[PDB]
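The form deposited in one PDB entry is given below as one chain in structure tokens.
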């Protein structure tokens, strides 16, 4: 049930038209737009999308294309797990650089820089991170958030708190994946 190259276009094209002109496109509009000389090319490109279950075609209704598949989500506890947990319509282009997901922080390791137990962490899904940055790493399937400081094979993860000590790692006898870069924080306690 995977989308082809040209089928991805059509579906991306519908999303645009609905988002741009507030209404779904006609077959002839899809053809026109993409370059087909036959509206039937759109028809079958649509019929397929309906079978691969990404759209719903309404019989008779002009512009009767309803999208189906359809804001940054939080993972909760474990860096991405299919397909938990929450769904929150936040601005991704609010952080620098753009956030991809949220992680529910756990513990007071990064206290001294305003990262508290229970915060929602804004993270960028990348692997190129540099020294001194704040990062989400996964030491043996165990997701952790700290300040990075690598030296070849010796990777040091520092906490922002004086009661916590550096977590030293050696990739030669431990698995270690960078989940992403910490770009911002969102707190939503309803505390009294």
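Residue numbers count along the first chain shown, from 1. Shifts are known only where both forms have a C-alpha. If you superpose the two forms and keep the largest set of C-alpha atoms that fall within 1.5 Å, you have the rigid core.
Omitted here: the form deposited in another entry. The next part is about that form.
- Rigid-core fit between the shown form and the other one: of 153, 133, 40, 126, the one residue whose Cα shifts 2 angstroms or more is 40.
- Once both forms are fitted on their rigid core, the CA atom of residue 12 lies 2 Å or more apart between the shown form and the other one.
- With the core superposed, residue 21 shows a C-alpha displacement of at least 2 Å between the shown form and the other one.
- Remark: with the core as the superposition reference, the CA shift of residue 167 between the shown form and the other one stays below 2 Å.
- Under a 2 Å criterion for C-alpha shift, the consecutive stretches of 3+ residues that differ between the shown form and the other one after core superposition lie at 1-68, 76-78.
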